[PDB]
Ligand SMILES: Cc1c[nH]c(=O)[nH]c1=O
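Quick heads-up: it's one chain on its own, the form solved without this ligand, in structure tokens.
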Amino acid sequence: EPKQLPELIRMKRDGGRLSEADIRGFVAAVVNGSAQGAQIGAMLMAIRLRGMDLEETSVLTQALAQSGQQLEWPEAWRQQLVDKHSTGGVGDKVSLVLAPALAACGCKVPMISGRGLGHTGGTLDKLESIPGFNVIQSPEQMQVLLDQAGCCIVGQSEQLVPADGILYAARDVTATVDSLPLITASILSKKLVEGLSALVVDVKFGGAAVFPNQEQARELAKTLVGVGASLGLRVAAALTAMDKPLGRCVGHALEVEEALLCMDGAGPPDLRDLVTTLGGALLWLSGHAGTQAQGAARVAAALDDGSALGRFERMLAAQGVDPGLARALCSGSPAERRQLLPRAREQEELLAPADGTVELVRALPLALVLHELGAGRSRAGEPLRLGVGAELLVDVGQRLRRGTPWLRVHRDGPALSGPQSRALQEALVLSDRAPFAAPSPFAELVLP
């Protein structure tokens, strides 16, 4: 029954299970206001150090979900509601494209997304690079968006998965993100509130992924598919590598550009690879395409013929962006899009030390330095340096020459410190091996 908050915390601290009553009451305290900051962090920490189990976990997610509302849409759309959701992520703008992609493929995507988590920027912050983009819509507005645009991207609020919003902000600045339960709940809860026909989850592994260990990551996959099943959700989880940044831009505004470059015609191969791959899965899974190949084939199609660029345009406008700016952003050249989005003060470039063959660029050192540069959050509720970020000037598998520039840093301060500099420079790994074509960051596809 109603136990005082400090008491539930004492229980988890002591490795005790939380009852459905206990989890619920807690969730409520968090949304109703009673629960104080130091209390929410304490609990998150306790959880990050004693975990929970299938039930508590399943209970948590399930509750979080109902802290707010659930959406209901015209029965017409039903079989067309789909969504994908990542975990880790350094430079993962897939969402910024796969959304309008699917919307061009006749699907409706009601995306409840999020902000940077730990050292992994969020697709919600990235969108806020676009001037006037509102990530907060009421269910009502959302339904207008899936009608006009077919898709939309919004974050937690007073009506949607409220409690998740409270924790998710804390998780990131409390060093309480890497927890299978808090992860499973955080994700499933949002996607639940949407009520989708099919749902694909992006589970990163290696390098800069929340859970580095491939297998210990593959579990997180069978898990989200696990609980997700029970909750009554069709869930497909795919393990994709995260040792190097997806694409060539890590940041916010920079990333919004490398996304437009995709819809345009095509930018980075890996970026496209996943958008089509994951996209084709959703169509197959939602039973909207013969096989994944066919599925994936239609998405690629969207990419190549301006569809996604169109859907995307309606979307920005539909979500607060000055119509004019939006036609300018999409029909704009890359040079235009640069002068229209947030740019950092100065920007230097790291040169190649030795002749050699780019083996890979270390994602973690990057994300970590850029974080220190204002591309990451230090303490919830704070602005973000949206211009700041980084550009990969060489592509993995290729051969570069000593002295050539391989990475450009956009910073808002008067310079990089010694530690930050060395950090960057060593994130570059060179071999004498012969140049080669980059592999797909896509590994397996855990099914339900």
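Numbering starts at 1 and follows the sequence shown.
Below: the form solved in complex with this ligand, not depicted.
Given the pose of this ligand in the deposited bound form, superimposed onto this structure around the site, is the binding site open or blocked (3 or more ligand atoms closer than 2.4 Å to backbone or C-beta atoms counts as blocked)?
After superposition, this ligand sits free of the main chain and C-betas, so open.
In the deposited bound form, the one of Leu329, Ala236, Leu117, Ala296 near this ligand [non-hydrogen atom within 4.5 angstroms]
Contact with this ligand in the deposited bound form is made by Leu117 alone.
Under a 4.5 angstroms heavy atom criterion, identify the one residue in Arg171, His252, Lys93, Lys244 near this ligand in the deposited bound form.
Checked against the cut-off, the match is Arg171.
In terms of non-hydrogen atoms within 4.5 angstroms, which of the given stretches 273-281, 310-318, 81-89, 147-155 touches this ligand in the deposited bound form?
Within 4.5 Å of the partner lies stretch 81-89.
Quick check: do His371, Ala375 and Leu386 each get a heavy atom within 4.5 Å of this ligand in the deposited bound form?
Not one of the three qualifies.
This ligand contact in the deposited bound form: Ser186, any heavy atom under 4.5 Å
Because a heavy atom of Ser186 falls inside 4.5 Å of this ligand in the deposited bound form, the answer is yes.
Is there a non-hydrogen atom of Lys108 within 4.5 angstroms of a non-hydrogen atom of this ligand in the deposited bound form?
Close contact is absent here: in the deposited bound form, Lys108 is far from this ligand, nothing within 4.5 Å, heavy atoms only.
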